[PDB]
Each structure stands twice: as C-alpha cells, then as structure tokens.
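This document starts with two versions of one protein chain, written out as structure tokens and named structure 1 and structure 2.
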Structure 1
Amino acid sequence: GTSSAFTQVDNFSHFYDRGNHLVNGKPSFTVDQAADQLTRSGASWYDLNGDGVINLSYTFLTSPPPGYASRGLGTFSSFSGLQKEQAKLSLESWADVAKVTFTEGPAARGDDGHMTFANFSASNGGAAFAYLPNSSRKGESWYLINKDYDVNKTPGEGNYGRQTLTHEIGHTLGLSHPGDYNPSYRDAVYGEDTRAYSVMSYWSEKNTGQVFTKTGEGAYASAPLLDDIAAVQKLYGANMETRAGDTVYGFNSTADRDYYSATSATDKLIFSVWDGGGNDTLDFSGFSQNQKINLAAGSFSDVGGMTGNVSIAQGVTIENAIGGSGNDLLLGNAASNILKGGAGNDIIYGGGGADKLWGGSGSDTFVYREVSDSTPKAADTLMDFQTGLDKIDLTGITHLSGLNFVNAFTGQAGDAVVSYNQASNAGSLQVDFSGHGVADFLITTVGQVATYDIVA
C-alpha cells in the first residue's frame, strides 16, 4: 500500500497514458503513432531553394480563380479583414512549431509553394476544405460562408472559426484527418482521435473524457495540439528558435500568443506548449479551481477548472510550475524544477533531480516515488517547509514499511536521521533505504523537520 497523496500523483501521472491498451474499444496510439497516422499520405512541401525552411507565400484571393465556376462551390467571396487577421494568427502558430514560413504575396520564383484562401457558399462543400501539397490544387483552402452557416465569418481565439483555419492550414501542410471516416467518433481508427489531441480531429474531446465545457462543444484549441506538433515537425523539422529564452505560459505570460495567455480566473485555456529552450514556467496562479499540472514532455494537465486541456509537446523541457489557490497536484520532470503550490493544500512531486519546492500556505505534501528523486548529491530543498503542518510522504518508496529514526545509520534498511542545523536554519532528512549504513536519500528543508512530519 501507499498513502492517498502518492496514489493521487501516481494515478494522475498515468491518467493520460497512451499506447498498448484499448481506449473506447479502439487501439490507443502514442503521440508518435498518431503523428504517423496524421502524415500517412507522405505528402509534403519540398525545400526547393535549399534555404533550410519551407518558404510559402499566400494570397487572400479577391476574385474567383480559373476553374472556380465549374467546381459547384456557389458564390465566391474574399476574406474579410477579421478572417485575414485570424488566418495570419493561425499561420503564425504553425510557423512557431516547424521550419515553415509564410509570407503574404502572389506566387514567385523563389517560393517553395503558394497558398490561397477564399470563401464559398455551397453547403454541399462542408464547413471548409483544403488540399495536400502533392495535389494539383496544392495550397488551396476554402471556407463556407452562407445563410445557414456563419461560423467562418467570426473566427476568434477559442472558437470554431479559428480552429477551422488552423485545421485547414494543417491539411495544406500535408496533414490528414486522424482517420478515413454520417461519420462519427465510432468510425475513428484509434481512441485519441479527438479535439483534445489534434486540431485535425472533428470529434469532441468528450469522447475521451476531457472536460472543456459543460456541453463538449464550443471551446476549441486555436493552435496545433500535441499530435499536430509532432506530425508537422516530422515533415519539416522543429523550429527551435521559438520562445528559446525564458518563457512564462498562462498568467503573466511572456509567450505573446493569445492562446497561451490567461488574464482572468474565468479564462478557458486549451493549448499544447511548444518551446525551444530557456528556463520556462507554467503560471496557473490566477485560478481558484483544483488543478493538476504535469511538467513531463508529452503529458497532459487539468487547468483552470477544465481537464486534459493543457499539454507539453514532445521534445520540450518546461522547468517550473505555479499552482493557484485551489488544492493542486504539481508534478515535476527529470530536470530541476521549481514547483510552487500557492494557497490551498497542495501535493508536490519533484521527481528526478534537485528540485526547489514551495508549498505556499495551507497543508502541503511533498511526494517521493523513487529513492533517486532526492539523493545526497542532488537533494531537493523544501523552501518553505512548515513543521507540524506540511508532510514529506515516502510511502511510494517504503510501501508503508515505515522508518526507524536513529542518530546515525546502523546498517538496517529503513534507518533515517532527521537533524536540524541551527546555523543555517536547515532541516535535513537522510534515509538509508537499502541498509548499507550510509544515506542513499537526502531532503533539505528551510526550517525544521520533525519525525511526525514524515509519512512512510
């Protein structure tokens, strides 16, 4: 057995596991499998000029292109200023993650490729459509506007008009729909075909249990989500220059993207973090609901009252996380993390590396899963430890076998020594789990630690 605080971190660390099991009766695909599914056509742009990027131009067509009239698309019209502004934000969010660049202008000798954007009015065409880069209509995307369907007239961050642009641009870059697919989620090839994993899915995140809204519509990611990032980087390479300095996501954002910025306790965030380097933070300090924040690359978090709404892209290391006033779980990664629980009763898991952990006010618990979480050459520091209030939980290591508190190691497994260094106001807990007679585990505290602060 273990304590509940360990069970909670363990279950949350595994709650969104992918691969090797069944999800809704379907095979579960890992990010990499889903990225190959999204790229199964093998279509791509080519770096025709060898400059190292796919450099594409695009036009907002102002009149019907040749061939338009025989296509049965009904009345042509051009993008409005709002559609143009939103289209460029969607383009920017693909260019952020992969070595593709987009410059407005007509087709030209130095271009790798050219794209077009326009509206059509015949409902028969669906909400939007686009073509892949190996087609004769490569670059084209098309958007439905008519008396029955106005979603595309008003794209805005978080809404379906905005995701439709990001989705159709995804096709132009070479992305398929997660499946071949009237059609419903029941036709999906793998369980993670929903709008929690890819903007290329049509199926509500409610299929896979995430909660973004009360209805399972209409809050939508504006920018490429975890599987989209991996799929597009597989085709074109990762854009490592993006956000390569220290970056904060969430409240107090320095990411400079509308979909990464929270300003209000009521904001609905749906995003996957792509970040190229530096010492970075997820700052979720502005919310009051209970949160679960996971800093593992590829993992999901339940943010701001929602679940499964924030993730970190494969290949990204995010160092720090700040919770809000709710009762939170904060899980670190293999790097040295700063984890800050804030108000409420929080459970912090540092994982690998020397972490600096802040419980904030309330009764906070610091959770340990492996001896390697906090070792004498790389020990956590519990920066605001409150003796008789906070808990150090070792139960995921001891499985409830307990510790024997001693003044020095005796060669028995489970011997532990807690000391307080008056000179530096530094507590320490050293534990010899193996029983070799020397500490194999060490946590330092700011303030004292007592035997009754330790759960084992």
Structure 2
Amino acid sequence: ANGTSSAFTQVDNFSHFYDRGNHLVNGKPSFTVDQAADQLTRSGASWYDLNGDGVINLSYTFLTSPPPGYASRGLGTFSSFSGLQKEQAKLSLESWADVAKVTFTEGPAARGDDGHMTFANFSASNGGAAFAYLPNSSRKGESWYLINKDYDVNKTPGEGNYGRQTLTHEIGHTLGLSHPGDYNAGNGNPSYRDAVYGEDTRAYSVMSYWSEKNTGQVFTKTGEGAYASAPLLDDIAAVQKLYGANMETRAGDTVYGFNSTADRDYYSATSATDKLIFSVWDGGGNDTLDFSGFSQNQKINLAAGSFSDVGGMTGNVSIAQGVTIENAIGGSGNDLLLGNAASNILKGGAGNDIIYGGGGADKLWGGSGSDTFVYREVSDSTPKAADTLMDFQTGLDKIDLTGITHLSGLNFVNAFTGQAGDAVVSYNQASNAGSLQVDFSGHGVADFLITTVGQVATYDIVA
C-alpha cells in the first residue's frame, strides 16, 4: 500500500485481512489451517480401513429403543429421533461424506463395515446439549442429543440454526475431532480468553465453543445470527488429514450461492436476506461463486484457503485448502473481486467494483458503474497471457497499475524507446479493441498487455 492507490490498498488490505500464522490474535497464537487441523485431531483417534478398500465405510442406526444397559448410564428418559432430526442428521452426515473418504449408509452393523454409529436423544444433562465418543472408545460411533422440557433446541434443527450445527458437531466427534481446546460444557465455566489459538471460533470450525464475533466476523443479519450447518475451513482440513480428500464431490462445473448447482441447503441462496455461512469443498471443474442476488457491499476472494465477506456479513464464506474456484459474480453493491492463479471470469455487476484478476489471462467484467481493474505484478497480464476487460467503459472505468509502478507513472509513447514504463496505447476499430502495452522491464518490447473491449484512453489509466 506504500506508494500505491487507494483502490490497490483496498484490494491488498482485503487479501491480507484474514491472514493466519506467526503472529497473535486476541493475545493468542495465530494458527494456520494446518496447525488448527493438527489441534482438532490431537487425540489421535481414527477409524481404520479394516476391509482395505481406501475408504471408511460406516453403518448407522437411529435407535428405536434404549440399547442394552441404557439405565446404567444415567441419562434420563430415552427418545427416538423425530422425522425432522433424521432428515437433518442425514444432511449433516452428507456434508462430512462430501469432503473426506468416509461413507455413511443407514443400516445395522454388518460384516463389511469399518464401524457402526448410533443416534438417539436423552433427557437428563449435567451441562451439555449433546455428546459423542471418539472412534477409539468402546462406544465409538455413538452420539446423543438432549431433549427435555427446558431444552428444545435439538427438537428443531434446520439450516443455519444451532440444532443443525450440533448434529454436524457431534458427528465430527464420532469421526475423531476434538474441541479446539481442552474444554467441555458442564465442566467449570470455560472461556475464549483461555483458548489455545486465536482462530478457535465458530468462523473457523463447528467444533469451537466460541462466537465468531470474538475474531471480528459479523454473522448477524436482520437482528439475529446464524450457525454454519456444514464443516468449516479447519474442519475440512482436519477430517481430510484423517481419511483423505473426496475428489469425486462436485467434480463437474459447479455454481455456489445464487443459482446454485451444488444441491446443498447451506450452499444455496435465494434472496438478499439470506445468511450464508460455508466453506467450499469442490473436486474439480470450472466453478463459480455467484453472489449476484445481494445488494450489500461484498469482498470476494478466490484464493484457496481464503475468506470473503458475503451478503452483508464478514468472514462468512471461504474456500477450502486445495480447491481451485475459477469465477465470481458480485452483486449490485460496491464490491471487491479477487482472482487467483487460474484464468478467472470476474463480474462486478452494478455498483462501483474493484477487480483483481491476478495470475493468468482473466476475463474481467466491470458491469455498470465506475469499475477499477487492479494490477499487482507484471505477470498478471502478459502479451501471451493477457486479461481482456470485456466491457471496458472509457471515461468511467479505470485501469490501476500502481501496485506495479508505485505511482512513478507511465511514459506514453508511439513506440517503445527502451526505458522502463514506456507505454503504447492502441485502438483497433474493427475489433472495437483497445490495447495497453507496457515495457516494464525496459527491454524495448512489451512485457505487459491488457486488451479492452471498447476504446481505452491514457486518462483511463492510474499509474
């Protein structure tokens, strides 16, 4: 940001805003994704591929009657799962099977199984809303959920609410995840103040006890917060460390958000009021984060492992480590769209947007309004791999090169003279195509090219 434009500083602030590792957050060590995955799996508990086929294949049963010796355990009155609990639990199990090489198929324990799981309710708690057992326990596979006439949260699980996250969370225990810290409901009065690392909040893992607001994330919209229904960034990394990434999931072209083709309730948005909280896992194909239906100002990052501010919330959308997402569509707000190393299609939509294509040849649509196309390295847009600004509006849009020039300007010339920063602006009427060629290295030839659909003028360039 030193010696650069405000627009570049905005992009650069946002790309670094959620950086992790090698510093302190809230007085605690900042953990990277990989460090948090280590802590989430610190028990060392796992299932094992007993039948040797590369996959943890598990059975599960909703208990219809108290299992043998239930009264021994002192859990109060037993309950079978309601229809709603079954449906939502199936969705939670699906969201784990989506990301890691584990399968959940309902049925009794069978000879082919790597293990068996059980689901039922209890009525008497000593503090916890639910509990489960790690896969090295004698009760491996069991999870239990509290329902009495002073706690009905678990009777009404649904997308975005705490009942559904609790199912995802306790299933996470049965898979081998711990709480990010050594704490448990009903044992003392645990606090985020004593967390092991800064990113132990509900913005990073459904296993955390601690509100995302502790790390600054705003998940509140229209007077109320929400809870991720599906595994978050660190959860995905942890369960994948245990059992391996499921590359088969959504391996074709996928849209997330509005117009979602992901076929998951937590990946789908259908109105500007929606509270989206998710972490994208995707196995391949040419994919799009479509946030066109929101009117709020948004900040969208296509970097793997990175966070985005979506739908008027902050830090609520992420892309899992090891996932390449190619395209992004802003809304009618004033947005930030940040690409990655792949060829990206970025569409700002209405409002004044700032677009950063990054590496490779990107196709950048500003949309209506006054949009700024930000360049940080020469390799962002080379003569052999050049961005096209697909709807460039001269006199309104801007091309910003100050991340490269540090505001030392350009030398606009008819033909390169052999000096760094020489720039040649051309227009081809038959293609309605502008060209900006720059010789940033000073070798007498272009080492930088942006193509524009629509003429581009010297006064359209910030450098």
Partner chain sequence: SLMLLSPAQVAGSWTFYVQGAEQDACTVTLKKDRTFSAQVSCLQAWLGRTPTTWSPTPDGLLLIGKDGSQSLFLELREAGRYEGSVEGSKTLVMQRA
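By convention here, residues take numbers in order along the sequence of structure 1, the first being 1. Shifts are known only where both forms have a C-alpha. Throughout, rigid core stands for the largest set of C-alpha atoms superposing within 1.5 Å between the two forms.
Comparing the two isolated copies of the chain, the first one is the form deposited without its partner chain.
Checking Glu104, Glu241, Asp258, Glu217 for C-alpha shifts of 2 Å or more between structure 1 and structure 2, after the rigid core is superposed, gives a single hit: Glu217. Taking the core as reference, the C-alpha deviation of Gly125 between structure 1 and structure 2 is 4.8 Å. Summarising the core-aligned comparison between structure 1 and structure 2, the C-alpha atom of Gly67 is found to shift 2.7 Å. Legend: core-fitted overlay between structure 1 and structure 2; highlighted is 214-218, the single run of at least 3 consecutive residues with CA shifts of 2 angstroms or more.
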